[PDB]
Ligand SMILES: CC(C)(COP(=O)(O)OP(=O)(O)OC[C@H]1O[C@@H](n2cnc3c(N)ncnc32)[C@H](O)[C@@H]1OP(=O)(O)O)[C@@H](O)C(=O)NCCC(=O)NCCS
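A single chain comes next, written as structure tokens; it is the form deposited without the ligand.
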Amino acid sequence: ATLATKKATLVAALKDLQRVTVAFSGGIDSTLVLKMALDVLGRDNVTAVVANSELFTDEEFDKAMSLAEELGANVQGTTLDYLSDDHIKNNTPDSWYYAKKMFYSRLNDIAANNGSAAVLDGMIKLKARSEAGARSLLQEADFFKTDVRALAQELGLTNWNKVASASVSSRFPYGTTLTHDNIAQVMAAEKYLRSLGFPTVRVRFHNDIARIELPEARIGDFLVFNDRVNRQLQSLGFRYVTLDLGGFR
């Protein structure tokens, strides 16, 4: 079908819903969904929601809030206590499912209280999403990634989160129990490192050993910082501060 056909389906669905709450992450897909909601229903019938939690950074949160606001949406932050769920706290392969469940349940409460007829996300052409009744309008309208990019150009979208972030749990081996203290340690360490000019970085947690992953093309750049990173990450609680010779991943 034509992009025009897929847009028209998307427009009619939003019109039928009147008021919507949008799970906004700042990537191109939820930016497009949010923009179409604003265009079709107006600012007063759309609520953009950005989740703040212990598994993600303040910076990513602040950036999504500012991106939605710059798009012209009324934006709402909401904070989830993911570690209160044992499946997430124990870093299991299904923790991702339970986090999504807690997130979409919080979104339905926001939508119940603001009069929205649905919660919208940015899925394109996933159990917790369906168990919650959140709607993926781009996927119903048969949007593929190139259809998303085409519509965004047509609407003048140029700004969106290009990199998707990974939960801090990926810095810990499966079975290592997530604690408030070890999360903060890893998060302070990655924040200090990003501040030096390394936006793509991981500090993998091996108890007293920090194992730093950098893109190999950047490792030469790092050398002037060895001592300051060593001492800063030791003050965060690591005993040995190391750089993985294999690089990022």
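Residue positions are given as counts along the sequence shown, with the first one as 1.
Below: the form deposited with the ligand bound, not depicted.
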* Structure fact -> For the ligand in the deposited complex, the stretch among 149-157, 67-75, 98-106, 175-183 with residues bearing a heavy atom within 4.5 Å is 98-106
* Classify residue 23 as contacting or not contacting the ligand in the deposited complex by the rule of any non-hydrogen atom within 4.5 angstroms, answering yes or no. => yes
* Asked: Would residue 47 count as a contact of the ligand in the deposited complex, using a 4.5 angstroms cut-off between non-hydrogen atoms?
  -> no
* Asked: So in the deposited complex, does residue 212 come within 4.5 Å of the ligand, heavy atom to heavy atom?
  -> no
* Asked: Does the ligand get within 4.5 angstroms of any non-hydrogen atom of residue 123 in the deposited complex?
  -> yes
* Heavy atom within 4.5 Å of the ligand in the deposited complex - the one residue of 114, 139, 90, 167 that qualifies -> 167
